[PDB]
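# This block holds the first chain(s) of the complex, placed as they are in the complex; more will follow:
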Amino acid sequence: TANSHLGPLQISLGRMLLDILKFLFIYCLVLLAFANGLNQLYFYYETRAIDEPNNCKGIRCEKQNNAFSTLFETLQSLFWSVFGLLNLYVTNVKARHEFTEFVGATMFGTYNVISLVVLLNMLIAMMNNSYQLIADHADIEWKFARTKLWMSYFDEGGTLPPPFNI
Amino acid sequence: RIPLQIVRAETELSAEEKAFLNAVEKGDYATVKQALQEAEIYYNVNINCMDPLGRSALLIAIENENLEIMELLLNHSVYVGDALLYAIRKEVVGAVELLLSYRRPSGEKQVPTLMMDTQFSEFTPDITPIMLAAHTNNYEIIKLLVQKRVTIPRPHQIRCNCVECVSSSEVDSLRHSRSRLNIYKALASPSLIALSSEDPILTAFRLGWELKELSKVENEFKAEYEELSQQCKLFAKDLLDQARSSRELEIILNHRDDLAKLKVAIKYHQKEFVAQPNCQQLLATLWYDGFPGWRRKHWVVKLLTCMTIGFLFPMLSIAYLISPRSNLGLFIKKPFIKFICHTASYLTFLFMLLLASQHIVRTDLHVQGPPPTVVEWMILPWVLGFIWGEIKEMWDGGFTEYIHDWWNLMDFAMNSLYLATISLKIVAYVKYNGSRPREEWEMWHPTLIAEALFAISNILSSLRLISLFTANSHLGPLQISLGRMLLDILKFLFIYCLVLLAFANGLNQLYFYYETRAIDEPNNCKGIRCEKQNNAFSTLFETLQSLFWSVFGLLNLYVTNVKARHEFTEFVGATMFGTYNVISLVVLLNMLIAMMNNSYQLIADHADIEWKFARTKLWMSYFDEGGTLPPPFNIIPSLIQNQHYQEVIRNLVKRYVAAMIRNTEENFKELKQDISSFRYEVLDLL
Amino acid sequence: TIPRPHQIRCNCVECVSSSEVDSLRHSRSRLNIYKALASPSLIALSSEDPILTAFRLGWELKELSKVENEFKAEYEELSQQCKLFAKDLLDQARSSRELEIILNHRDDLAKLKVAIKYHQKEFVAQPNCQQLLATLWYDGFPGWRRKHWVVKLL
């Protein structure tokens, strides 16, 4: 708020953060639904850490282990798939159950299509519209925030810095 | 240079006729009276003479609103053809009164014969005075015309196949379309609806629905039909807005041919009528029937009451079963308690579906036909209650109304998935006895198919919670914009499916000779779902899957490499894959972003009205007594009204007419004409 | 005289009885009373402290718009009208002494703190109040806006 260029930017950031929260509610609901479906489909094929290479179990290995074995692991794997850090061979099982693998791949593809084609672009559209409304009033609220910050230092309470106030 | 000439012959007006028309334009009464008195004796001036702009003396008198010169030109028996149309379009009450009242008296010897004045008419020949008065929307002229026993032709059905409509359309389609549009414009005026209809609200609703259907049918004239439907809807909302007491509002809403008129408005898609503030207040009062002052409370006590009433789901439904006339059983009949109990039941079903996917209950997975666990035995009554509720919703209300909701498709899909998984489980129990290990099971095992359908049904059950977003005040317009953008996403996905099919066909046709067997490849797997990505363009299905997965970047770049050193084919395939990637990631997705962005801006202004309409549709679903019990418990075994409505509509019509009466170069010309006429009369008298 | 509106969270017998008997008449009467009280002319003529009265009426209208869902728009319009009336009355000053008298009046900058507490962004963001706050902010550094940026950064 002290600078004359970074104030309205963070005011628009504050409005768009509320819009991001309104988006993230629906995203959390969709993520919970798809994580429940993926865990219910894939939790029979859980393997122990000793059988897998390098004695590790999870999506944080060199070779990506069972990603849909638990609800927490399924939630982490569905979270990391938005940024593309989850590979495609996590939906493959040891046995040759082609129908279950195809159904899980369809499930993962539908979640990817939703969270990367509908939801993120809708969030972009919402925060775009919000900015246009925010810009006309951006100055007044920036001046109000700067006035609120300026009068916080007007009083004598808190003259000393944090290293010297004690 | 370029010569210029008058291509089309306009006859020049004589000096006397030009002076007479100029005197009529300036409003000099004495000179016009002298010219009219000299016209009969000497025949010098044709009184019905036109001007360069197509107006006669009578039309010039009408446009300047000189009633004195108007009656003086009428007294000498000038031509009067179509002057009433100009008076009605000018919205002059006195001119319309004079033209109506003077045409009858003192008609002697037919009319004086006149020729070749009748070609030029600004108004179309199909037009009649009552229809043009309806288009003008003036009230007094419409009233004076309706008092003289005037009628309007009835338009036919849109899907009319009689001989006369087809013959008129074939002979002259333009005249038929103009006549139908003029008739519907005359019928859609608020003044004619207020004056010639005993039920203005229902007439406005039916006219708005008919105009919307005509706009859907007639492609050429869509815009004015949409404007007429919007005008009828705004007239209905404005007539509803003129109420002054709660008794008048409840009389209007509860009038029948409980809230019958609100249901009729919802059936005709009158969003402005439903979303009016007083109707919303009445629906809020009916919705919070047993909880007075709900808006007053701080949010912690409201959330605590919601938690204590949602956690009390298994009671208050058996209490209704055992004692519906008791004090405790009567609390479930209120709509808010019904909605909270249904939400608590669905949340309990979702939590039970989460609990079914845990290792505490699931044991002994190496059985071919496994008996259902106790969690499944308890989940089965909820599925049966959902089936009974969906079939009851199919029966009550009709099959023609069950399909218009658009949420029933997911319910039908969920019920089909539950029936399929139950049938697969029972068949696996009955004829797959054994304990074979899962690693050597058949790929087409009904247990695996039943579990896959169960997982898809669990996803649909968890995604069913989006429909409850209308209840909140923040998630309603968000999903309305989501619903519009989903249609825009479908319009995008058509072109994306076409481009994907084209590139998949090209890639499969290029790469299907180099298919390899699973034994030769490492780890005995074949497809894009391996640790090392195998042949991705060997089949049409595999090519479609590989081109689908390349949008999210999960397909690597070495899938376009073959075993042999065919560098040209590899380069051509890499160019093909790169062109598909450039299209689907630089043109199409950004165009989809631009389309849904534009749509949101249009959606936002109307977002509230439609959110209030959706919330009103959700609120009245719980008003009726059909479906009081939850899904786990639903399977357990008079002319004074018309007179008051007429009184209220009478007062509302009077108030709306007063409001609309309360709410350009022609105008200043009146002031020049009034000043000029007063100046000539003062000079003449003095 | 004009009747006094009740509290928004009013639970007396007469308000509840009027709401139950005829909610539309009660809502129309309350909206008409608050529209009458929110006019700038009546505030200028019948209030000894127009700025504080406009601030309180704007805060009450904003809270009523937050409470009453049906009539949100006209209550927001009334709050905006009261805020614009307060800013327009502040804008009519002609000297620095009048501005410091208005800002420092108590029932140091008490009225500015009262405006900030009531969320009067237009009143706080007026140019003369911003100039006075800038002068108080650069108390020991006269002519701070004058300087080239290198000496300011140094």
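Structure received. Residues are numbered from 1 along each chain as shown, chains lettered A, B, ... in the order given.
# Please report how far residue A:130 lies from chain C.
Going from residue A:130 to chain C by Cβ to the nearest Cβ, to the nearest Å gives 18 Å. For the C-beta atoms, the positions are set from N, CA and C on the backbone; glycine is no exception.
# which residues touch that residue?
If you count contacts by Cβ atoms under 8 Å, 6 or more residues apart in numbering or on different chains, residue A:130 has them with A:12, A:15-16, A:19.
# In helices, which of those residues appear?
Among the contacts of residue A:130, the members found in helices (DSSP state H) are A:12, A:15-16, A:19.
# Closest one to chain C out of those, please.
Closest approach between these and chain C, by Cβ to the nearest Cβ: residue A:15, at 14.3 Å.
# how close does that closest one get to residue C:58?
22 Å (Cβ to Cβ, to the nearest Å).
# likewise residue A:22?
Residue A:22 is 27 Å from residue C:58, by Cβ to Cβ.
# Quick check, the residue in chain A closest to chain B?
For chain A, Cβ to the nearest Cβ, closest residue to chain B: residue A:33, 3.4 Å.
# Quickly find the element holding that residue.
Using DSSP states H and E, residue A:33 maps to helix A:7-42.
# Summarise which helices and strands that helix is packed against.
Under the contact definition 3 or more Cβ pairs under 8 Å, 6 or more residues apart in numbering or on different chains; DSSP states H and E, helix A:7-42 sits against helix A:71-80, helix A:98-113, helix A:119-152, helix B:335-355, helix B:446-463, helix B:476-511.
# try it again with 6 Å
helix A:71-80, helix A:98-113, helix A:119-152, helix B:446-463 (3 or more Cβ pairs under 6 Å, 6 or more residues apart in numbering or on different chains; DSSP states H and E).
# Using PDB, write down the CA coordinates of the second one.
The C-alpha trace of helix A:98-113 is given here as PDB (Å, rounded to 0.1, in the frame of the first residue of the first chain):
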ATOM      1  CA  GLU A  98      -7.600 -54.900 -19.200                       C
ATOM      2  CA  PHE A  99     -11.200 -53.800 -18.500                       C
ATOM      3  CA  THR A 100     -10.400 -52.500 -15.000                       C
ATOM      4  CA  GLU A 101      -7.300 -50.600 -16.400                       C
ATOM      5  CA  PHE A 102      -9.400 -49.100 -19.200                       C
ATOM      6  CA  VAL A 103     -12.200 -48.100 -16.800                       C
ATOM      7  CA  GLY A 104      -9.600 -46.400 -14.500                       C
ATOM      8  CA  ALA A 105      -7.900 -44.700 -17.500                       C
ATOM      9  CA  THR A 106     -11.300 -43.400 -18.500                       C
ATOM     10  CA  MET A 107     -11.900 -42.200 -15.000                       C
ATOM     11  CA  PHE A 108      -8.500 -40.400 -14.900                       C
ATOM     12  CA  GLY A 109      -9.100 -38.900 -18.300                       C
ATOM     13  CA  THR A 110     -12.500 -37.600 -17.400                       C
ATOM     14  CA  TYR A 111     -11.100 -36.000 -14.200                       C
ATOM     15  CA  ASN A 112      -8.200 -34.500 -16.300                       C
ATOM     16  CA  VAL A 113     -10.700 -33.100 -18.900                       C
END
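# with the structure above as the base, add chain D:
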Amino acid sequence: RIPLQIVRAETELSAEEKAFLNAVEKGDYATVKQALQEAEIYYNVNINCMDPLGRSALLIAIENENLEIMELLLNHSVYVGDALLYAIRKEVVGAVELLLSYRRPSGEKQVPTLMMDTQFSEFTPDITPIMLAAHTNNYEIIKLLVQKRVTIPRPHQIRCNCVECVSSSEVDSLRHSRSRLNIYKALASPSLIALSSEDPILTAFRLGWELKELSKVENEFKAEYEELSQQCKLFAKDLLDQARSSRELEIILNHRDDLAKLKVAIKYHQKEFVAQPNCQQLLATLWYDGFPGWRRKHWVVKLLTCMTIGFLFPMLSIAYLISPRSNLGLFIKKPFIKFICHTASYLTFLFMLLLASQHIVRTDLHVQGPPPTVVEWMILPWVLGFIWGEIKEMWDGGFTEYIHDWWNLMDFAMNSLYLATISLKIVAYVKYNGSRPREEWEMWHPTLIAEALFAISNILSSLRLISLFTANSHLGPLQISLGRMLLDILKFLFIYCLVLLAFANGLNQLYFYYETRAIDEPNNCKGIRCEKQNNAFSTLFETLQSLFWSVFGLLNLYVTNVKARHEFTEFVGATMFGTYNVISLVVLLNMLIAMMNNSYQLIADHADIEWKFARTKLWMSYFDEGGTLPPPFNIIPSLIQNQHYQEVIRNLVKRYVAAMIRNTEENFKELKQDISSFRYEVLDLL
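Okay, chain D now, added to the rest:
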């Protein structure tokens, strides 16, 4: 209930005073004359009495424009204080003439004494009549005031540190700011500039620049200063637009204190003046000096002429060196041929830099200090010519003008890189004799550093071609929008750098205990640039690089895994990395997209004007004779004008005044007043 009372005492007007004010409002001359004649004998009515709204009888006469009642109230010696301000604000020429001319005659015995009328003044006490007339922008009142020997105070410098300005700012800052704003508003009126300045264009340019600098300085009053600068710029463009012949335009542009006034307009950033169509036509005619009818031609012959003149780069510059007075040497002095030759030279330099990176020329890479290849020997004269051209541009024009271009920073960087690579090459030649193989070279070898600087200079030389986009008609506004969005990208990248530094500090503080040596890890490499991604959060620089590369998805997920089984630390680091990814890929990038989207919509309306300004700035850079030779060849060793300008500005001022003269409830009140005054006089006479 609530009692209501008049808090502030307004004295009620008596019956006679109220009747007198009502008679003055209705314009009845006889009743007002009778009341004024009875006022002296009986003293019944205070003629200077006010009303409830703060107007007197004279102000009511001024507002209704009743000149008769105005002079009648003046004849009885009413109070006249500040009435001239109301007349000037009302823009009544006759009222201003009457108030100017009546104040002098018939003043006897001071004025009659009057008290307590003087508190209420709508106009501020600092205001004077000439200043308010300048604010009103009326021409006749300004002319009549200027004829009576009236002056305006001179504003001080913005960076004024004298005693009186500082004392006035300290004593009363609001009065000083209002006085300065009123003075600059008075000086910025087009009528005062046209009437009181011998050079309206230069005065408007200086006033616009001063108003823009004041808007940059004064933060509180930025908007009206920007409006005043826009008004001055539009006045200058409108005065330029009133020309009628090419000789007047060339007289205006070529007037000095060749195109001196165009250079002065460019120096003051008058984009509207430069982008006028007639000045653009004159600049296009001067630009295509030797190619008449360039716009006429089909594009194939234009491209063929461009190719044949761009391929003829090595001739026509040596011809200028050997025979500047010849027919062939004179063709290089035209601006279009100069621009095409410079573009051909830069394209040849870029093509030579492409050819330098081929295996045909580069041989024997295992030499420590390699001699320069023949391609480098030929490229060296181009670098020397670029150095000589940049230093010549530094000398000519001044050091204060060389830094405002903003393209010279890349030229300075390119010259520094070329000097550094030449120095590294010469030092490696002089003291690194040998043929050691490249696999065992020092990491700080000057040959490798020289090649890295050469590659960066080659990138800068290839990216220097963006500046030529102003010449085309399609790539100019695109790069103008790119320039605005680059500033918006910088405003985004500040917050992104802060967030990146915070998350990098947290990740390094969490993960720097688990650093491993390069010998223990596979392949003897350590960092995120291995086949297997090594420790990515071991150092602050490595953490910054890893967090930078995670935005594009090139950083894998197993970098947050440690050797030991510390599951809590790994989960905390994964949560940290996920939170940084969610921020930098869901909030920040989409917010940057929204910001640059909004900016483009604002940029598009003005995109042309600024593109034409940039093209005009590029065109006049080649007009002068300084820098005729290309970079490869530049190192090879009078009062009639003022009278005509005054005549043209005189005709332009007259035409602009005629144009501005050619181009509400007060108005209708005049018509009610004129009708009411005529009605009373007719009734009185009759």
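# Same as before for the contacts of residue A:130, with chain D this time.
A:15-16, A:19 (Cβ atoms under 6 Å, 6 or more residues apart in numbering or on different chains).
# restrict those residues to contacts with chain D.
Counting by Cβ under 6 Å from any Cβ of the partner chain, residue A:16 from those sit close to chain D.
# By neighbour count, which of the contacts of residue A:130 wins?
residue A:16 (22 neighbours; other Cβ atoms under 10 Å in any protein chain shown).
# Residue A:54 - how many residues pack around it?
Residues near residue A:54, counting by other Cβ under 10 Å: 11.
# again with residue A:129
Counted with other Cβ under 10 Å, residue A:129 comes out at 18.
# rewinding a little: could you pull out the buried residues of the helix holding residue A:33?
A:7-9, A:11-13, A:15-16, A:19-20, A:23, A:26-27, A:29-42 (16 or more other Cβ atoms under 10 Å in any protein chain shown).
# Stretch A:57-68: which residues count as buried?
Buried, per 16+ other Cβ under 10 Å, within stretch A:57-68: A:57-61, A:64-68.
# Please apply the same query to stretch A:71-82.
In stretch A:71-82, counting by 16+ other Cβ under 10 Å, buried: A:71, A:73-82.
# Run the chain-centre distance for it.
11 Å (Cα atoms, centre = their mean, to the nearest Å).
# and what of stretch A:139-152?
31 Å.
# Only the buried residues of it, if you could.
Buried-residue list, stretch A:139-152, by 16+ other Cβ under 10 Å: A:140-147, A:150-151.
# Pick out the most distant pair among those.
A:140 and A:151 (16.9 Å; Cβ to Cβ).
# In space, what's closest to the residue nearest in space to the middle of chain A - neighbours in sequence excluded?
A centroid search over chain A (Cα atoms, centre = their mean) returns residue A:79, at 7.0 Å, as the residue closest to the centre. Excluding its sequence neighbours, the residue lying closest to residue A:79 (Cβ to Cβ, 6 or more residues apart in numbering or on different chains) is residue D:578, at 6.7 Å.
# and the two most separated of the buried residues of stretch A:71-82?
Applying Cβ to Cβ across the buried residues of stretch A:71-82, the maximum distance is between A:71 and A:82, 18.0 Å.
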